[PDB]
**Student:** 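Would you mind keeping the following structure in view while I ask a few things?
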Amino acid sequence: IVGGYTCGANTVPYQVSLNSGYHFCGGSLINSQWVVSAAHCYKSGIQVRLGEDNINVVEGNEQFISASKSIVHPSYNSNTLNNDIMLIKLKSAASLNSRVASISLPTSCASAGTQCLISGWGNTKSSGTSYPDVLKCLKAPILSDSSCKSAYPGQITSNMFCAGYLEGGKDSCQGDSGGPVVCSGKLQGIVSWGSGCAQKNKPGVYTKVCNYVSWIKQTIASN
Ligand SMILES: NC(=[NH2+])c1cc2cc(-c3cccc(-c4ccccc4)c3O)[nH]c2cc1Cl
Ligand SMILES: [Ca+2]
């Protein structure tokens with residue numbers, strides 16, 4: 001997160017860190033046994049780390065659980081990043097409390113102008129790499145479809161939306177990949193891609209979760 005602030009320990013209880021010996025992507029807890037992240041974060045040997053704040057210090061509240069299976073969307077296109085969503089089933093269920101809690105899936109899509117909270121342990125520099133130890137947060141609005149397509153002509157599908165600041169300075173970045181975009185307490189987006197981080201007129205593009213609710217529910221129901 002570039003231009004964001006320190007969230008404060010456990011103030012984003014649904015945030016998870018996907019770990020393979022280091023933090024490589026974020027994700028969101030949607031029930032005690034399933035996490036939603038981005039398809040491009042897929043790899044084998046993933047350990048899901050819940051209740052984290054400082055990812056390099058065990059401070060208490062952490063629950064480290066191995067992923068039993070990862071289900072990348074069948075129509076995921078790695079070249080366009082269309083359908084960039086993945087579900088991860090945990091080997092055992094997590095214990096939910098106040099520090100670890102799941103976030104709700106939306107019933108409707110959000111409108112432009114909705115203010116959302118994006119969080120993660122991704123890069124904090126737009127020019128260079130600086131990865132933080134604790135969780136960063138950023139409040140950002142969903143942009144209109146016209147502004148989004150004007151910024152990324154020919155690359156936005158109906159399963160994507162832009163959120164951010166066209167002036168640059170505040171944005172999500174690499175490492176935040178796979179994590180949550182929550183608006184009015186519902187998970188509306190997944191950090192997917194963008195041109196650089198916090199660059200002028202190049203907002204972040206997020207997977208539009210409201211288009212995948214039936215898929216998520218049917219898939220969980222059958223696994
Ligand atoms: N808001 C933005 N401007 C933005 C920037 C990046 C940058 C990345 C990214 C860059 C390099 C590698 C990965 C990556 C690839 C495989 C696994 C994990 C991360 C990224 O997600 N993802 C991003 C998503 C967003 Cl919205
Ligand atoms: Ca920790």
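The residues of the chain are indexed from 1 along the displayed sequence. In what follows, every heavy atom counts, from backbone to side chain, and hydrogens, waters and symmetry copies are set aside. Just so you know, ligand 1 is whichever comes first in the structure, and atom 1 is the first atom listed for that ligand.
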**Student:** With side chains defined as the heavy atoms from C-beta onward, is the minimum distance between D133 and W121 less than 4.5 Å?
**Tutor:** no

**Student:** Go through the side-chain N and O atoms of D84 and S192 and say whether any donor and acceptor fall under 3.5 Å apart.
**Tutor:** yes

**Student:** Find out whether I55 and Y131 are in side-chain contact, i.e. whether some heavy atom of one side chain is under 4.5 Å from a heavy atom of the other.
**Tutor:** no

**Student:** Can you count the protein N, O or S atoms that lie less than 3.0 Å from the Ca ion (ligand 2)?
**Tutor:** 4

**Student:** If you count only heavy atoms, which residues are under 4.0 Å from ligand 1?
**Tutor:** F24, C25, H40, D171, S172, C173, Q174, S177, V191, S192, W193, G194, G196, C197, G204, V205, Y206

**Student:** How about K200: does its NZ atom have over 12 heavy atoms from other parts shown lying under 6.0 Å from it?
**Tutor:** no

**Student:** Does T219 reach the main-chain N or O of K217 with its side chain, forming a donor-acceptor pair under 3.5 Å?
**Tutor:** no

**Student:** Under a 3.5 Å threshold, yes or no: a donor from one side chain and an acceptor from the other, between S20 and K43?
**Tutor:** yes

**Student:** Would you check if the distance from the ring center of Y212 to the ring center of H73 is below 6.0 Å?
**Tutor:** yes

**Student:** Taking the six-membered ring of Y165, is NZ or CZ of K170 closer than 6.0 Å to its centre and within 45° of its axis?
**Tutor:** yes

**Student:** Which pair of heavy atoms, one from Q174 and one from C197, lies closest together, and at what distance?
**Tutor:** N-SG, 4.0 Å

